[PDB]
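Everything below concerns the one structure shown next.
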Amino acid sequence: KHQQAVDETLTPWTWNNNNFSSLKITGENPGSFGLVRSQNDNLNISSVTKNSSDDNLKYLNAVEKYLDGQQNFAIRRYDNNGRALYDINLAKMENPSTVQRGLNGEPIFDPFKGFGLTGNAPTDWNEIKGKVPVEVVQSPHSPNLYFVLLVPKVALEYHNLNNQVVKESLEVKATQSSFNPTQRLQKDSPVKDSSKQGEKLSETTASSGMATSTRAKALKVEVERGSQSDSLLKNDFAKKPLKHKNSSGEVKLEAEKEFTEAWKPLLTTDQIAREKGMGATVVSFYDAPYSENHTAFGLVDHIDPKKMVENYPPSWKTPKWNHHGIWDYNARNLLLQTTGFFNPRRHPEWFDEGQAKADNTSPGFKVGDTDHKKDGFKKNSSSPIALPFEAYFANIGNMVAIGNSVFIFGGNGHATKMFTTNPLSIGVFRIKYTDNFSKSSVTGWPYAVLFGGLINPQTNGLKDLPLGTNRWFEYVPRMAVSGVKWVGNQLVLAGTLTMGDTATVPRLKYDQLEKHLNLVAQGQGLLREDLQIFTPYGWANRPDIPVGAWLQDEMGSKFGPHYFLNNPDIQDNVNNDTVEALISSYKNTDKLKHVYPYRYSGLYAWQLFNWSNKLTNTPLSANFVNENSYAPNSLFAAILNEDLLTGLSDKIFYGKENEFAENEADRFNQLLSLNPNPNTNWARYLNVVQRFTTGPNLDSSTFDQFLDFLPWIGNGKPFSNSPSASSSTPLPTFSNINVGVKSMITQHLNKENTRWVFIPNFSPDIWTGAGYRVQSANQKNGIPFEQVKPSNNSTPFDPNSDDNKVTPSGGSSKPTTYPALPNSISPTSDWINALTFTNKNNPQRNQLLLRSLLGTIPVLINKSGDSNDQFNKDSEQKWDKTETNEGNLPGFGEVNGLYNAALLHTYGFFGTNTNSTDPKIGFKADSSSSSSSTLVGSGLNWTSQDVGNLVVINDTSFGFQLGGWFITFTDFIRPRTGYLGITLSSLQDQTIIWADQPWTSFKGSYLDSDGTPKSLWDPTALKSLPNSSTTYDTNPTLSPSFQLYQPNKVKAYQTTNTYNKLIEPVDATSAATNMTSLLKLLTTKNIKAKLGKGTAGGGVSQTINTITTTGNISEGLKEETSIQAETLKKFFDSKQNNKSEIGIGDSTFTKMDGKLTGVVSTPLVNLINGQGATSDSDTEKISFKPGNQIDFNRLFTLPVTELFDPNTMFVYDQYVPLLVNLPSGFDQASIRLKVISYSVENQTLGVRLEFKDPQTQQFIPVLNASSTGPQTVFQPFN
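Going from the sequence shown to our numbering is simple: count from 1 and add 26.
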């Protein structure tokens, strides 16, 4: 009854969620603990029915019971050669036993007899026997100790569960009517309420003072507590003089009406908590392979989701709200935007009742009361952040043993990921084992608290990324964990991270909602696009202006100094006289704040800089955290603090400082930074991140030059388009260098970044890029104010009007406006000395890098490909006329920070790049008619969750498979200066690159014996899309990369002075009707078709050959002749034929026969599945001397202790040839005999034969030493 004899029907496999296939067992008894599975099919989970009656849980238990009788799993133990020894299958173990311990808790063990067994099965055996082992980790200090990760059989078959139980968040109704993306979207802008105009903010009365002006006085925001239990004496922030459009029923966000067939998680956090079998379990076990009783159980601990949820910030109990409170609530609410910092509507995966609470109602604070001064008071909530099935299992995987603790960092979330869901690891789980691992304690800490100490100096690449938080942890980082590994002596956590929300940071002017549909949908939670969409016309000058100040200038005529359509040209100067009169004239107090009449405004960069959760030099510094990203939008690797992780307490105690104010009066005088009270401990968790990386070690404009240098996986063509002829030759997508015209440097705008003390040995002259604004071809050194916003009733803004002028004490009334403004306001604008005019930003640059490697950056489409809607490049695209409409720069609706036409060219949408016959797909900036456009995908289906397992390459480098690219971090551990610090190896198998679910061909990455990292690919294992409904329908098809891009509609572009002013849109709610042709291409398959792809390998992909000098871009970083960004563009261009020299290249491939399921890795070998494990040729001549052949007299008569060095525990060099048979003329020094056990009394000498491996000069066990193993006992004729 060899209960755990190797079952040949089982074969290795890799779990999708973590990419574990085998654990490399180190130490005295090396080998591997590899996952192993039954490969029976014809399972129909369809057989298990749901009789409406009882619930999801009732259905699940039934599925697990079904699968219990169908599927089979174990973890088999392999010897150092790769040969299987024993299986250990929990379901088929009849008599499982816990290990016997001492009084100290130390297990009872003899190296030969094995473990002492209690004969009692481990705790909760009946629930846990049926669970599937998905990960094995070995204790570093304690020997024979290992840890198994168990998940329900259901967690595996998650995607195959009933369509009505496991569904997508995007409702697709069975209608063959017509496709309108905006149909689900709330697009009707708010209107003036009339009911109460007493809710409109008041001007200040009065106040010698030198400067004065006729400009409309500041608006006072007064807040006074008074003596009332439920009411405030004054509460101006609550004042809402606007209201939702009334279509005989309000145009507002209602979860009841909108989510009729609402997305809900498989199980609530409490269900997973209660139902022992439905959760992940970690079982501590013992293992000595060459011993008799070789397997024994230890400690069985269930990973309670409630243990993580307990340690969430108190901010998270009320996530439909934020520290800004009621002013921001009404403002977002009215603007048909999601409220809070983590709204169910945006991320329902984390809410127990999913989409059911997907609105702004009941935020935990009184809102919309009949009397506004009763608003903003703490009321009852029913919408906290939790950890449902979906998000929970996404956080199950990647476990590491550090000292007396075991940590679970989570997986890539693929186990529960749907096309419209983003389940991710919210934090770390830790089982703290005590008393020789006889006692345990389970706890969970969210990443948000562990990452609180994040500051710019920790990174060496892009700076000011939205990863900052505050006392109320409003930034909620989540991960698609690659792994946690030791890179040398440093603990690295890698994968992809969810940055702060950057694309919804700007806020619209209450009327501009229907013109800016794409942007509205991003705030609405409908368009799950994390990238910044460039639709700036409609933006309000500031996102922080309260509703009371929105109707000071309704007609617009006054250019409302308070609230107006964001335009950096009509912004005020920083001259003392301007500031003195418009700002310092009004002074804020204890009970008063002012809506200043100083004209503030700026583009993307500026809006983000002031209202995003940017990183600074101080932690918990973000006064503004807009929201959190939908999908992981950043590459991320971080050196963690082992001592903190192991040291930190289980329960984290927050203080009143982590809680939102109980009323708008307390809230009014909130200090952003508060000192933790001595009874709390929350503060101690903030600095677990010592350092971090986010990609290559480049910043701002310099970074863009690299973005171009890298190619697109689908094409093999770079974003640069630099290889060539003609003067109408394609321009780069990300760079500004040699694009447009070279403008001249002067006019530093704010923060007194003056200098001028040290002038460089060159002219710094900045290129405008594409979509620039020039006075004349001759005059390209600034733009006179005369190319001004002439907005209301075509009556231009007059800069010298009484209100737009200030006069100091003495006279001569001068205007507040600027005389000249920068030569670009396009998405590709990069003005170093004009933040307010810059659109290009690091938060976008970061996303763009991840997204260019995933190759999923969207393109704006005007003309489809169809016979009557074409784009003839030769005629409609003039690369030299970027200044005009012939440059086809949208200037509205495109991805911010890039030139759409160059991206389209790169993608081969128009041109020979992808299709040999020009697909003629593009954007025509038309001077004859109103333009109707929509963003579309590239045609690739890679997601930012397509994160493979972590591979340590050496004591200073590591990497992982991110989509089709294998990224390696060379300059993270010991960062070499002048080196870029990234190596990218692209996949070659096109059938995978373009595939519908491409990451389903991925079967893990592994570092090979040769030294290079390799990745398993199996295109036969590519999962096809859900089902060919009808013939194959007639509407949109949800794919992993599928997005719900809304139509943008702009007026006809000008023939001359096109991008002098911002591009003006018009209503587009209706516009979908004619885009039938284009709207068709919102579905991946259709673009794949037009590009000549989709319809018609299998092996291992090795990375590019890198050397110590590889990555040395120092020559390109020199600021000798040109500014850093220019010198790098020149350098990259010179190195275009040898991209390999930098670290960019095509990963070489080796063909393999049959389906690849995983690898079995022992310190000696990596065998794909169980490829030919052979006996070691080096040791084949070494063997123990048979019992009879022993001398007996020589020092075996006298005590055993005399045969080995007590300090070292090795048999003295002299007796070694007495016990082992060696080939004639063998080096005695290349073999050793460790004493495993001895009995002076019983005259027994237990040994293990070790041999110095010729490759690594370490001793390996001579597995062929005995019939049993490298172990044997020597005893006199007994």
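Note that the Cβ used here is the ideal one computed from N, Cα and C, for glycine as well.
For the structure I just gave you, are there three or more beta carbon pairs, one from the region 601 to 616 and one from the region 541 to 555, closer than 8 Å? Fewer than three Cβ pairs drawn from the region 601 to 616 and the region 541 to 555 lie within less than 8 Å of each other, which leaves the two stretches out of contact.
Could you check the C-alpha separation between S47 and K1029 for me, to the nearest Å? When rounded, the distance between both Cα atoms is 9 Å.
Indicate, with yes or no, if the ligand SAH has a heavy atom lying under 7 Å from the CB of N68. The ligand SAH is absent from the structure shown, which contains no ligands of any kind.
Which listed residue (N42, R799, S408) has its alpha carbon closest to that of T1084: Here the closest residue by C-alpha is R799.
Terminal residues of the continuous beta strand (DSSP E) containing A474? First-last for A474: 473 to 476, but that is the alpha helix (DSSP H), not the beta strand (DSSP E).
Three-way DSSP call (helix, strand, coil) for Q1297 in this model: Residue state, collapsed to three classes: strand.
Whole beta strand (DSSP E) elements within the region 82 to 134, 3-residue minimum: Correct list: 99 to 105, 110 to 112.
Would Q484 be called buried (16 or more neighbouring beta carbons within 10 Å of its own) or exposed? So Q484 counts as buried.
Residue range of the unbroken alpha helix (DSSP H) whose run includes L545: Start and end: 543 to 550.
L1064 and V198 closer than 8 Å at C-beta: The Cβ atoms of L1064 and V198 sit closer than 8 Å to each other.
Is it the case that the Cβ atoms of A1098 and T208 are separated by a distance below 8 Å? Here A1098 is near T208, since their CB atoms are less than 8 Å apart.
Taking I1130 and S1011 to be in contact with their CB atoms under 8 Å, please state how far apart those CB atoms are, rounded to whole angstroms. Your pair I1130 and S1011 checks out as a contact, with CB atoms roughly 5 Å apart and the cut at 8 Å.
Tell me whether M304 sits in a helix, a strand or coil according to DSSP, three-state version. For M304, the secondary structure class from DSSP, reduced to helix, strand or coil, is helix.
In the DSSP assignment, the beta strand (DSSP E) including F263 goes from what residue to what residue? No beta strand (DSSP E) holds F263; DSSP gives it neither H nor E.
Could you spell out where the alpha helix (DSSP H) holding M334 opens and where it closes? It spans 331 to 335 - the alpha helix (DSSP H) in which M334 sits, taken as one unbroken run.
By DSSP, does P1024 sit in helix, in strand, or in coil? Note: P1024 maps to helix in three-state DSSP.
To test your reading of the DSSP string, which unbroken beta strand (DSSP E) runs of 3 or more residues are found completely within the region 684 to 767? Segments of the beta strand (DSSP E) lying fully in the region 684 to 767: 715 to 719.
Would you list the residues sitting across from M505 in a DSSP beta bridge? When beta bridges are read from the DSSP output, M505 appears opposite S451, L523.
Check each candidate in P848, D829, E812 and name the one with the smallest Cα separation from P822. The shortest Cα separation from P822 among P848, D829, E812 belongs to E812.
Of all the alpha helix (DSSP H) runs that stay within the bounds of the region 651 to 679, which reach a length of 4 or more residues? Fully enclosed alpha helix (DSSP H) runs of 4 or longer: 668 to 673.
Just list the residues that DSSP pairs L171 with in beta bridges. Note: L171 sits in a beta bridge opposite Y312.
Which listed residue (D490, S203, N319, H620) has its alpha carbon closest to that of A244: Cα-wise, what sits closest to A244 is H620.
Nearest-angstrom Cβ-Cβ length linking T344 and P414, presumed shorter than 8 Å: Rounded, the Cβ-Cβ distance is 18 Å, inconsistent with contact.
Would you kindly work out how many angstroms separate the C-alpha atoms of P594 and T528, rounded to a whole number? So the alpha carbons of these two residues sit roughly 20 Å apart.
For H373 and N42, which I take to be in contact (beta-carbon distance under 8 Å), what is that distance rounded to the nearest angstrom? The Cβ separation is near 22 Å, so there is no contact.
Selection from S660, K1165, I851, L698 that minimises the alpha carbon distance to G526: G526 has its Cα closest to that of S660, out of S660, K1165, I851, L698.
8 Å CB neighbourhood of residue 25 in its chain, flanking five on each side removed: Outside the displayed range of the chain (27 to 1304) lies residue 25, so it cannot be described from this structure.
Compare the Cα-Cα distances from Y172 to each of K1207, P572, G429, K399 and report the closest residue. Looking at the Cα atoms, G429 is the closest of the given residues.
Outcome for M581 when other beta-carbon atoms lying within 10 angstroms are tallied against a minimum of 16: Taking all protein chains in view, the Cβ of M581 is surrounded by fewer than 16 other Cβ atoms within 10 Å, so the residue is classified as exposed.
For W353, name the three-state secondary structure that DSSP assigns. Correct three-state label for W353: helix.
What residue does the alpha helix (DSSP H) around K179 start on, and which one ends it? Looking at the DSSP string, the run of the alpha helix (DSSP H) that includes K179 is 179 to 182.
Do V714 and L671 have their C-beta atoms closer together than 8 Å? For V714 and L671, yes; Cβs fall inside 8 Å.
Whole-Å CB distance - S123 paired with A322, under 8 Å assumed: Rounded to the nearest angstrom, the Cβ distance from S123 to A322 is 6 Å, consistent with a contact under 8 Å.
Can you give the Cα-Cα distance for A147 and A427, rounded to whole angstroms? If I take the Cα positions, the gap works out to 24 Å.
Contact between the region 914 to 932 and the region 1031 to 1048: three or more CB pairs below 8 Å? Taking 8 Å as the limit for Cβ pairs, the verdict is that the region 1031 to 1048 does not touch the region 914 to 932.
Would you check if there are 3 or more beta carbon pairs closer than 8 Å linking the region 869 to 887 to the region 761 to 781? Between the region 869 to 887 and the region 761 to 781, the count of C-beta pairs closer than 8 Å stays below three; the two stretches do not touch.
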